[PDB]
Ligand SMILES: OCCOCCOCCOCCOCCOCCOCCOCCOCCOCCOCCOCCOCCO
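One chain comes next, on its own, written as structure tokens: the form deposited without the ligand.
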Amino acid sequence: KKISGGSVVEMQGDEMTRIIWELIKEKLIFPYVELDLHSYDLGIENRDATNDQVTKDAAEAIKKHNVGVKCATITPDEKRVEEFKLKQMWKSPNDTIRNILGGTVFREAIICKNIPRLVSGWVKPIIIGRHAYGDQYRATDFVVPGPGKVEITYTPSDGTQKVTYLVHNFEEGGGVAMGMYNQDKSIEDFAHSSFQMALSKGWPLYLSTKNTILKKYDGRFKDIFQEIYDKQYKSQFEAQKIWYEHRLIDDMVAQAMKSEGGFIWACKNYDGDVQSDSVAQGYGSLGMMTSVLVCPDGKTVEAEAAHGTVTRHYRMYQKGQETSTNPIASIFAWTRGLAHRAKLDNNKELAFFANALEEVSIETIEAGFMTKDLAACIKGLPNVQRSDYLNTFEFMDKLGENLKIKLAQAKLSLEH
């Protein structure tokens, strides 16, 4: 009776998103879909117990099975070490997974007709390609305890030369220092996936850098995009009446803010992290955004919610208080992962189910059933009352109700 879904790597998360994750599988996915499921618990406690090995195992599973769907996870700092009694301050599971997989994370809002934006002009989608490799997420940082010299050096593999650059000589007191890097091959994959996304969408492409400040580091990104564009993409762009343009990041954020949308924005790793949260909130909620890592092999993807574990909501959950937390981004992690699974396997029954769940989610909200974040978009936050929204479970229950109806109607249809 259930759809045969194939192999999926599932990564369990923390706090409020872990609660939603279990409700998605129980209500939305498992009743209709049977999966060969490789489950990795990335909850903070299991990562601590495995010395973060479960995270690297999960990344290797995604390479093997080509599809993974990830819940948001805690990245610990000193406060989390004290809260959970951790052995170490573990690195972000996302940093580890993206470092191993590589590629570009494409992030885009999920639009409902009845939800007012915070930014008046965006009538079309903004799609951020976020380079998923290197920079601050692979970096090496340390505290400078006192006076002394920090240098960064490059030694070729043959060991026949050494280049030493002075970072800073600390004359009095200490500070911080860090190295970071990126790679030409990853930059080229990032460029290709950006131009290909623009052509698939019929939309212009913009790349943002600081190249006036980092002339070598950011100038490399700019050069590689320009060279790949001129050689391989430019005739196809003009044929679709679109263009590619590099801008300084600050000009770019101002242009995007005042634009009508409808463009692809290639972002360096850190910029794509921050701006995608600004963009998601600007369209009205961090809970309404898709995030899909498209790996360079053209086969493997990892779908996820780009927002965090929603700690403040989890604290209320721990007290038995009602929570209204937006599940949509977490649900679209599953739908986007299953859609790609169905595409790899040419599974029409699964491809239909994935799209059906996405339509149900939008239709439910557009019919007036929503969590508190979205009711705050329509009214003001100060004007919202309990009767204006559903709690987290009521909303999942409504979605489950409407999903059963949509799948029932499909079975009764002639198309079937």
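From 1 onward, residues are counted along the sequence shown.
As for the form deposited with the ligand bound, it is not shown, yet the points below apply to it.
Peer 1: If the cut-off is 4.5 angstroms on heavy atoms, which of these, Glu359, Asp57, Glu45, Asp388, is the one near the ligand in the entry with it bound?
Peer 2: None of the other options qualify; the answer is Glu45.
Peer 1: Note which of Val9, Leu403, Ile19, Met396 lies within 4.5 Å of the ligand in the entry with it bound, where distance is taken over heavy atoms; exactly one does.
Peer 2: Contact residue from the list: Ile19.
Peer 1: For the chain shown here without its partner, which stretch in 22 to 30, 347 to 355, 361 to 369, 60 to 68 has non-hydrogen atoms within 4.5 angstroms of the ligand in the entry with it bound?
Peer 2: Selected range: 22 to 30.
Peer 1: Would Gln318 show up as a contact with the ligand in the entry with it bound if we use heavy atoms at 4.5 Å?
Peer 2: It does: once the ligand is placed as it appears in the entry with it bound, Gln318 has a heavy atom within 4.5 Å of it.
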